[PDB]
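Enquirer: Below is the structure I would like to discuss, written out as structure tokens.
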Amino acid sequence: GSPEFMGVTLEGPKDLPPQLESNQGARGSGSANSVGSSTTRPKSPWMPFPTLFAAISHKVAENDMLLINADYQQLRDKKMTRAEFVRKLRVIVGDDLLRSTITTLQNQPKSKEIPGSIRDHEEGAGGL
């Protein structure tokens, strides 16, 4: 019997976790680049485009080279520049393939005959 009631105390948690955190190490990833190749053309060797199309006909598809002949003809009509038809050619055929045809264009046969103008050769003698 006869209580006194010891009242509510006011402590709490205080031995809390360590608060430190990392930002250690490094990070990064990427790649970007651009490359090409070019050479001048001497006058002596022989590589006209209308013959070049007949030398790749074994290496192209018939409706794919039908397009090339059309894109080359509208270059001649000044609808397009030479370099712009070449930029839409090297996506169809390829400039490595172009290079590999040059040696065959240098293998090609030719002739430029004339019909026989002179046939006389008999004896020039006189005073017989």
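Scheme for the structure tokens: letters A, B, ... for chains in order shown; per-chain residue numbers from 1; ligand numbers from 1 in order shown.
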Between range 19-69 of chain A and range 88-100 of chain A, at 9 Å or less, what are the per-residue closest atom pairs and their distances in Å? Count only C-alpha atoms, order by chain and rising residue number, and return it as CSV.

Expert:
```
residue,atom,partner,partner_atom,distance
A:52,CA,A:98,CA,8.7
A:56,CA,A:93,CA,8.6
A:59,CA,A:93,CA,8.5
A:60,CA,A:93,CA,7.2
A:64,CA,A:92,CA,7.5
A:65,CA,A:92,CA,8.7
A:68,CA,A:89,CA,7.0
```

Enquirer: So how many Å separate CA of residue 38 in chain A and CA of residue 81 in chain A, to one decimal?

Expert: 17.7 Å

Enquirer: Given only C-alpha atoms as the basis, pick out the residue of A:49, A:37, A:57, A:127 nearest to residue 73 in chain A.

Expert: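 For residue 73 in chain A, the nearest of the candidates is A:49.
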
Enquirer: Fewer than 2 positions away in the same chain doesn't count, so skip those; otherwise give me all residues within 8 Å of residue 105 in chain A, counting only C-alpha atoms, as a PyMOL selection string.

Expert: chain A and resi 46-47+52+55+101-103+107-108

Enquirer: Quick check, in Å to one decimal: how far apart do CA of residue 74 in chain A and CA of residue 110 in chain A lie?

Expert: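 A separation of 28.4 Å between them.
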
Enquirer: By how many Å are CA of residue 40 in chain A and CA of residue 53 in chain A apart?

Expert: 21.2 Å

Enquirer: Could you please write out, as a ChimeraX atom specification, every residue of range 33-83 of chain A that DSSP assigns to alpha helix (DSSP H)?

Expert: /A:49-56,62-76,82-83
